[PDB]
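# Geometric and topological summary
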Amino acid sequence: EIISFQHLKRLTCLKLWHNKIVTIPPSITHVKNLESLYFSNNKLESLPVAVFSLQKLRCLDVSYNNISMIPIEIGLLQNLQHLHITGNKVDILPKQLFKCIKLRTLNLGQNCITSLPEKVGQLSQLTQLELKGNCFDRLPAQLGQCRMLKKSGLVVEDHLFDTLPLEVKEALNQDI
Amino acid sequence: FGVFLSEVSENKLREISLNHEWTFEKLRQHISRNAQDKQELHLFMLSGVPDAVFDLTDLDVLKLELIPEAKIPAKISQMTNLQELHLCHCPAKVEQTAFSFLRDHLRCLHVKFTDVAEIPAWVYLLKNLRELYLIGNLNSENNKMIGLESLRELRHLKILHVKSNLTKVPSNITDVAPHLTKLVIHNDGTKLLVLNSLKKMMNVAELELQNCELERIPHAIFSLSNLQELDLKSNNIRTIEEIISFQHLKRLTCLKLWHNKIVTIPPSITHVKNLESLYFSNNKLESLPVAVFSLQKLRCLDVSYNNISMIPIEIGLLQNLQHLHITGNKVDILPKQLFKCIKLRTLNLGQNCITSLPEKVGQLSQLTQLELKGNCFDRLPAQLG
């Protein structure tokens, strides 16, 4: 009962997994000091829509799930850090994460993504972006603007090391 | 005296001995590999496993080959940087208290090289696997039944891989699983395949049906919308299939097939506009391929292992090609437009005793890999320099 959580407003890192989570309630406004939430072993398809009320979160509760998007709360996340958006099917990803810079882990399995715009080349504070399962053969130029970050999940082969020998080759060769 | 006949009492001494001489000083100096630190150990000789091997903290992969025994306690819960484990002709049926940290953190394996009776079962039901390596396992149609609901259901399952069996459908009703992205199978015997796969496995980015005897490609493969394959290596592909389904699937980006019987390709190869990497070999061709100069995205020239007397005037296509490969021919002439491209990195033209090179090779100053065999090799001009 989240009216009790209105008096328990200092739950800063709520964590709970290995459970029967159907969905999350909309009253998660009632915890302002919350700065990180992460779950696992949850069954869903609908999007968590009450996330933009809480401005402080740095982790997402999105492992062992079934999801098709990241929701419209993307415009207000700035101080966030962790995205283990894993167990999904989506190709599109919204062009929003050039605004937020503090996020450092895109631990995103199961996404055969196609495009990675300026949002992937803007985040200097990031250093990690996991992906397995991909076309991995579009390989955009914004990855050339990624020398501040170091390592991705699977992309380091000669498919990216033969496209664009001036941007990404000089990037991932001056980095090491 | 009757003590020394009982074999379990001798198993006691071999277990105490193999715990004895594998100290930390001996075992921890043995670890060596480059990408991941695989603990090799002579496990065919090791009848019982050691346990001081669990006292090593930078070990993330290791291999088990020909064990009689089964020992792995929850002691390796502490060194939970492990993500995959090789087991081959190897059971380990001790696993109740240790099931949870391998259920979560371990996501991959090499469970190959068994029969169809001694098959580990816990690997079926730990819900967080990503890549399966199940080869050398002679899966008959009574052995199709061992593919059950949990590996049908589970989350992260990237790939699986099957080799050298009588199999034609190991478990393709698994296809509701959300990460089938590379399905690779070996040693087909027939041309039969199940229709449930392509309309429910909506997510394969690769497929490698090596060592088949088909000439068929699934024409109904249009449902899966992000695919970069057609691979049927080691197959007599006589004439290729209906390509307007490949016009629907214009997102074919890495099409490659060889050890084949390609006569010619129809001009529907223009239809895959998003095709950047393409390499063939081992096919009989002398004719000039027609529609090849429409593939603007290209990076490789799929003309390996076929003779050519006159290469076509199609090098006005190659703005951004990256690799040559042209092998087994006799030609001495090449047109001028190769100074258009600066993108290529391999002069890869085997078996051409060509005369010399024009000014266009001075285009490719940043190039570092040149390949030929046989030349006039007497001019060798300064545009190479």
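Rules and cut-offs
Residue labels here follow a simple count from 1 along each chain's written sequence instead of the entry's numbering, which may differ, and residues missing coordinates are not shown. Working convention: letters from A go to chains and numbers from 1 go to ligands, in the order in which they are written. Part of a larger assembly is shown; the reported values describe that part exclusively. Note that water and hydrogens are dropped before the side-chain values are worked out from all heavy atoms of the structure. Contact between two residues is taken to exist if any of their heavy atoms lie within 4.5 Å; hydrogens are not considered. Put simply, a salt bridge is a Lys or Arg side-chain nitrogen that is within 4 Å of an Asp or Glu carboxyl oxygen. The definition of a polar contact used here is a pair of N or O atoms within 3.5 Å, where within protein one atom must be able to donate a hydrogen and the other to accept one, and adjacent residues in sequence count solely through side-chain atom pairs. We call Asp, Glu, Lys and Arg charged. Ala, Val, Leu, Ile, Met, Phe, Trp, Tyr, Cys and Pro are nonpolar, and the rest, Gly among them, are polar. Secondary structure elements follow DSSP: runs of H or I of four or more residues count as helices, runs of E of two or more count as strands, with numbering from the N terminus. Think of it in three bands: residues with accessible area under 20% of the maximum for their type are buried, residues over 50% are exposed, and the middle band is partly exposed, with areas taken using a 1.4 Å probe on protein chains only. For two strands to be treated as a pair, DSSP must find at least two bridges joining them. Each axis is a line fitted through C-alpha atoms, and for a helix only the stretch in contact is used; angles between axes span 0 to 180 degrees, taken between their N-to-C directions. Whenever a pair of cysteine sulfur atoms sits within 2.5 Å, that pair is classed as a disulfide. Each nonpolar core is a collection of buried residues, namely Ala, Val, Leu, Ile, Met, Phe, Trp, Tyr and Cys, held together in the definition by side-chain atoms within 4.5 Å.

The deposited coordinates derive from cryo-EM, with the record listing a resolution of 4.36 Å.

Counting from both sides, the interface comprises 24 residues of chain B and, opposite them, 25 residues of chain A. Taken together, the connections running from chain B to chain A amount to one salt bridge. A salt bridge links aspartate 162 of chain A to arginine 345 of chain B, with the shortest nitrogen-to-oxygen separation between them at 2.6 Å. At the boundary of chain B and chain A, one finds 11 residue pairs in polar contact. Of the residues contributing to the side of chain B that touches chain A, the split by class is three nonpolar, 10 polar and 11 charged.

What follows deals with the side chain of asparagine 203 of chain B. Locating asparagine 203 of chain B in the fold gives a position in the loop between α5 (196-200) and β6 (206-209). Of the residues examined, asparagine 203 of chain B reaches a relative accessible area of 16% and is grouped as buried. Beyond its immediate stretch of four places on either side in the chain, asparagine 203 of chain B contacts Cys112 of chain A together with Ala177, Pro178, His179, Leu180, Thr181, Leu224 and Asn226 of chain B.

On to the sheet that holds β6 of chain B, then. Residues and elements named next belong to chain B. The strand order β4-β5-β6 describes an open sheet built from three strands, whose pairing is parallel. Each edge of the open sheet is held by one strand with a lone partner, namely β4 (159-162) and β6. Averaged over neighbouring strand pairs, the angle between their axes works out to 5° when direction is ignored. Across four bridges, β4 lies against strand β5 (residues 182-185) in parallel orientation. Its bridge partner being in β5, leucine 160 is matched across the sheet by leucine 183.

Moving on, we get to the state of the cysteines. As enumerated under the stated definition, the model contains zero disulfides over all chains in all. Sulfur of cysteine 135 of chain A: no disulfide; nearest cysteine sulfur belongs to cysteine 112 of chain A and is 6.0 Å away. Residue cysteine 376 of chain B stays outside any disulfide, its sulfur separated by 7.4 Å from that of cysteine 353 of chain B, the closest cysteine. A residue is classified by how much of its surface remains accessible, and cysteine 376 of chain B, at 32% relative accessible area, is partly exposed.

So, about the pairing of strand β2 (residues 61-65) of chain B. All names here are of chain B. The element β2 is extensively covered by neighbouring structure, given that five of its five residues are classed as buried. Inspection of the sheet shows strand β1 (residues 38-39) paired to β2 by two bridges, in the parallel sense. Looking at the pairing, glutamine 39 lines up with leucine 62 of β2. Where β2 lies against strand β3 (residues 84-88), five bridges are found, and the strand directions are parallel.

Here the focus is the pattern of salt bridges. Residues and elements named next belong to chain B. Within this structure, the stated rule accounts for 10 salt bridges over all chains. The closest approach of N and O atoms between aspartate 58 and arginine 28, which form a salt bridge, is 3.5 Å. Of this pair, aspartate 58 sits in the loop between β1 and β2 while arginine 28 is found in the loop between α2 (24-27) and β1, placing the two residues 30 residues apart along the sequence. What makes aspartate 58 partly exposed here is its relative accessible area of 31%.

Below, the discussion takes up unusual backbone geometry. Despite not being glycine, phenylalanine 136 of chain A shows a phi value in the positive range, around 45°. With respect to the helices and strands, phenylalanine 136 of chain A occurs in the loop between β5 (128-130) and β6 (151-152). Residue classification places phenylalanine 136 of chain A among the partly exposed residues on the basis of a relative accessible area of 22%. With phi around 65°, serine 164 of chain B is a residue other than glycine that occupies positive phi space. Within the secondary structure, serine 164 of chain B is located in the loop between β4 and β5.

Turning our attention to the nonpolar core. Nonpolar side chains tend to gather and get buried jointly when the protein is soluble and globular. Residues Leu43, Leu252, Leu298, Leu321, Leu344 and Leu364 of chain B are the most contacted members of the largest nonpolar core, which totals 92 residues. Every element with two or more residues in this core is listed here: β2, β3, α3 (99-104), β4 and β5 of chain B. If we skip the residues at most four places from it in the chain, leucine 364 of chain B touches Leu338, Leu344 and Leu347 of chain B. Listed in part, the 35 residues of the second largest apolar core include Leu34, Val62, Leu80 and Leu83 of chain A.

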